[PDB]
C-alpha cells in the first residue's frame, strides 16, 4: 500500500541519503519547534523531521502525512506525478521557510543544491559578448540528438551552441537580428549535482528508452569558467519504469555512504554490488527502468 506514491517515496530516499540533509532538517526543526513553544511552511519542516525519525528507528534495529502538507502548499499533490517536480516543492518550500526563519544552517538549500551559471552570448557580426548570471538546482540535459555518454549530454547543454535561422539573436549593438553562439558555464558548484535526463521526447509525446553511458565519476571542468580541480561521483539514481510518459513507477538506488547500492522497490530493499549495478545501467542491457535523475556528491 506504500508504493502508491512512488514519486514522493523515491525522492524522499535520495533526500534522506543526501549528504548533510537530515542534519539540515533537524537544525531547522529545533529553531522551528522552539519558536512554536515561544504556518504550513512550518508544517513541512515538522512533517519532514518526523519522517526522518521514522526511517531512523526502523533502520536502527509517514509518506502519506508528508503528502497532506504538500496538498496545502501545492493544490495538485492531493494520481501519478513527476519525481523531479516533487523535488522542487520540497527543496523550494524548505528554502522559503529558511528565508523566513533567517529573517526572524539557514542556507539549507542554497549551500546544498543551488549553483551559479554564467550564460555568455556572442554575436557573430560584431563579436561582442553579453553575460548572464542564473541560479540552477539541476542540470537538465538531453538524452538523444535530434552509444552516447553523459559527457556528450552535458556538452549538448553547456558547449558552444550556434543559434541560427528562425531563432536569430537580437543584438543591441548591431540593432539587427544576428547569428549568435551561446555557451553556459558553471561558476559556483553545489555539494549535490542533480542531472535531469530529459528522457521524454516529442515529434506525439514519447519516452526515450535508451539510457546514456552514466559514469561513476564525472568532472564538470570543461564547462567551468575556472580551472577546477574537483570531481563528482554518483550516489543516487532515480529511475522510471514504463513505456509511456503518462504512467509508470519510480525506483531509487542510493549508494551506501558500505559501498553498495540499495534498490528501493516500493517497500523492499535489495543490496546490489557496485559492479552489477553499473552493469544494469549500461544501454546494451536494455534497462527496463530508464534513468531519470542522477545525483552526484562532491568528493
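Numbering follows the first chain given and starts at 1.
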(Q) Please check residue 77 against the other PDB entries of this protein that were compared: is it missing in at least a third of those that model both its neighbours? (A) yes
Q.
Does the comparison with other PDB entries of this protein show residue 63 lacking coordinates in a third or more of them, where both adjacent residues are built?
A. yes
Q: Count up the deposited residues without coordinates from residue 257 to residue 258 and drop the result into none, 1 to 3, 4 to 9, or 10 or more.
A: 10 or more
Q. Per the entry, how many residues of the deposited chain go unmodelled between residue 203 and residue 204: none, 1 to 3, 4 to 9, or 10 or more?
A. 4 to 9
